[PDB]
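Residue numbers (the UniProt record's numbering), protein chains in the order written: chain G, 1 to 265; chain V, 1 to 265.
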Ligand SMILES: Nc1ncnc2c1ncn2[C@@H]1O[C@H](CSCC[C@H](N)C(=O)O)[C@@H](O)[C@H]1O
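Here it is in structure tokens:
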């Protein structure tokens with residue numbers, strides 16, 4: 001009679017919370033989805049071994065089209081778990097699944113876990129100063145979306161930081177690197193000429209958040225555009241005007257050039 | 001030989017990540033602070049039992065003034081952990097403590113935990129639509145803080161949602177309720193008269209996120225300002241322009257007035 005949305009965390013199988021793990025172990029059936037994102041630091045097998053239950057993976061169609069036919073039926077006479085990378089419901093479409101549960105007469109509970117949305121706090125930048133977020137999507141064919149560029153402009157104009165989620169082709173396990181994102185942004189700038197993203201723009205790259213050894217680098221596009229930030233996933237941030245304390249952290253912890261203390265503060 | 005920043009999570013001792021627990025259990029010394037937030041579902045004893053170590057609790061003064069004299073010295077010859085509610089680097093100044101660690105020759109690592117900043121996803125509102133965040137602080141003496149009012153105004157003008165962290169006076173066991181936050185906002189409104197926060201403003205309240213049964217309520221200030229949302233902690237949200245799906249969730253899950261379904265595109 002109960003459905004549990006359980007978050008898996010940032011990177012590997014140990015990023016789930018103790019609460020999530022224990023609940024998952026007591027569920028009769030355990031489902032999971034890896035289309036909204038991937039758990040780059042582990043494998044389905046390792047997650048299964050930790051939970052001690054076989055995990056049935058669901059595709060985007062399985063969920064968006066048949067959630068009420070695949071998952072909910074079992075939740076009627078059993079405790080069912082639905083695992084998702086990060087924190088449940090941080091992905092825009094999963095909240096509606098709670099409504100589906102309701103109309104099916106199934107109780108649902110959410111077990112939270114760390115999300116890159118909150119993990120960016122490790123960049124040393126004040127979380128309250130992050131504005132609207134955006135996703136840098138790979139262009140394709142005659143389609144060249146650029147709304148993420150406008151988001152940076154609007155945030156920066158108000159002295160706010162911009163968190164940029166990078167595109168991912170989960171099915172094919174293809175990660176967009178911060179380098180590719182920087183190249184795309186420069187391309188958009190050349191098209192729009194808004195003076196929003198250039199070689200002189202200060203950016204911050206956070207790679208493999210959740211890991212004990214994430215890569216945290218800060219600096220100007222001209223210097224970081226071809227730098228190796230390690231394996232995915234990568235997150236890109238365009239800070240607004242920095243608080244001195246934010247800048248000091250980027251310099252001392254993220255290897256930012258001393259120049260940011262007088263140019264970006 | 002190292003210092004660990006480990007989050008404890010939203011509500012109880014099981015909100016710590018498996019990663020955080022396994023590491024905490026192997027540290028030689030464990031410190032913690034419980035003034036940045038409130039974990040309403042646990043106690044020091046239960047946390048100690050789970051980790052199997054004695055925990056020395058530090059006050060805001062111990063940390064901000066003497067972190068390098070109380071914690072860092074031991075981290076030079078031992079494995080030390082510093083525990084905090086939620087995520088250690090979200091809506092705190094703990095990030096700066098990493099700078100102190102570096103300058104003291106101590107390597108530090110961060111272990112994330114669920115944060116209220118991302119947990120708001122359970123309100124059904126799109127995470128990317130949250131703009132700048134703010135804190136509603138208790139007036140003191142002749143001092144009446146009001147900056148949070150301007151944050152709401154700036155976000156709303158952009159159609160963005162506003163997350164409002166509520167004040168806390170740990171040593172006095174005072175946890176600002178959503179009701180008190182609403183009362184303060186109405187007073188600021190009377191002064192600035194910007195039409196930002198009135199009895200007709202739609203707001204969302206999330207209390208005790210992390211628990212299995214958090215209170216999630218949406219409605220007009222006039223109706224919710226005297227409603228009982230249960231024990232603290234609470235956070236207040238002022239939605240911007242709602243998506244249909246956002247409104248649908250608030251109605252179905254948060255008991256919001258069905259009239260908000262009719263969006264004024
Ligand atoms: N479980 C919870 N439910 C509702 N609000 C919460 C909460 N935990 C924290 N808050 C809110 O955030 C304030 C503390 S701010 C510190 C937040 C913490 N680093 C984190 O990552 O969550 C509280 O006063 C309250 O307004």
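From the three backbone atoms N, C-alpha and C, an ideal C-beta is built for every residue, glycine too.
Nearest-angstrom Cα distance between residue i and residue j?
i                     : j                     : result
residue 251 (chain V) : residue 190 (chain V) : 29 Å
residue 38 (chain G)  : residue 167 (chain G) : 12 Å
residue 78 (chain V)  : residue 65 (chain V)  : 22 Å
residue 92 (chain V)  : residue 130 (chain G) : 14 Å
residue 116 (chain V) : residue 238 (chain V) : 15 Å
residue 220 (chain G) : residue 185 (chain G) : 13 Å
residue 174 (chain G) : residue 197 (chain V) : 45 Å
residue 208 (chain V) : residue 204 (chain G) : 33 Å
residue 200 (chain G) : residue 148 (chain G) : 19 Å
residue 218 (chain V) : residue 161 (chain V) : 13 Å
residue 54 (chain G)  : residue 165 (chain V) : 40 Å
residue 259 (chain V) : residue 247 (chain V) : 9 Å
residue 50 (chain V)  : residue 14 (chain V)  : 8 Å
residue 109 (chain V) : residue 16 (chain V)  : 15 Å
residue 265 (chain G) : residue 254 (chain G) : 16 Å
residue 155 (chain G) : residue 82 (chain V)  : 33 Å
residue 75 (chain V)  : residue 20 (chain G)  : 31 Å
residue 112 (chain G) : residue 118 (chain V) : 9 Å
residue 125 (chain V) : residue 69 (chain V)  : 43 Å
residue 12 (chain V)  : residue 172 (chain V) : 21 Å
residue 29 (chain V)  : residue 47 (chain V)  : 14 Å
residue 67 (chain V)  : residue 56 (chain V)  : 13 Å
residue 235 (chain V) : residue 181 (chain G) : 34 Å
residue 249 (chain V) : residue 262 (chain V) : 13 Å
residue 194 (chain V) : residue 151 (chain V) : 12 Å
residue 3 (chain G)   : residue 127 (chain V) : 22 Å
residue 183 (chain G) : residue 73 (chain V)  : 45 Å
residue 62 (chain V)  : residue 80 (chain V)  : 16 Å
residue 33 (chain G)  : residue 24 (chain G)  : 14 Å
residue 210 (chain V) : residue 31 (chain G)  : 21 Å
residue 206 (chain V) : residue 159 (chain V) : 21 Å
residue 59 (chain G)  : residue 1 (chain G)   : 23 Å
residue 227 (chain G) : residue 170 (chain G) : 24 Å
residue 146 (chain V) : residue 176 (chain V) : 16 Å
residue 225 (chain G) : residue 244 (chain V) : 39 Å
residue 122 (chain G) : residue 36 (chain G)  : 23 Å
residue 222 (chain G) : residue 18 (chain V)  : 39 Å
Just verifying my parser: in three-state terms, what is the DSSP assignment at residue i?
i                     : result
residue 148 (chain V) : helix
residue 137 (chain G) : coil
residue 13 (chain G)  : helix
residue 67 (chain V)  : helix
residue 215 (chain G) : strand
residue 110 (chain V) : strand
Which one or two residues does DSSP pair with residue i in a beta bridge?
i                     : result
residue 174 (chain V) : V:169
residue 55 (chain G)  : G:30
residue 161 (chain V) : V:130
residue 205 (chain G) : G:217 and G:236
residue 84 (chain G)  : G:7
residue 2 (chain V)   : V:79
*Three CB pairs or more closer than 8 Å across the region 84-102 of chain V and the region 5-24 of chain V*: yes
*Can at least three beta-carbon pairs, one atom from the region 128-143 of chain G and one from the region 202-218 of chain G, be found at a separation below 8 Å?*
no
*asked:* Using 8 Å as the cut-off, can you tell me whether the region 229-249 of chain G makes contact with the region 38-54 of chain V, which would need three or more C-beta pairs spanning the two stretches below that distance?
replied: no
*Okay, do the region 99-117 of chain V and the region 98-109 of chain G touch, 3+ Cβ pairs below 8 Å being the bar?*
no
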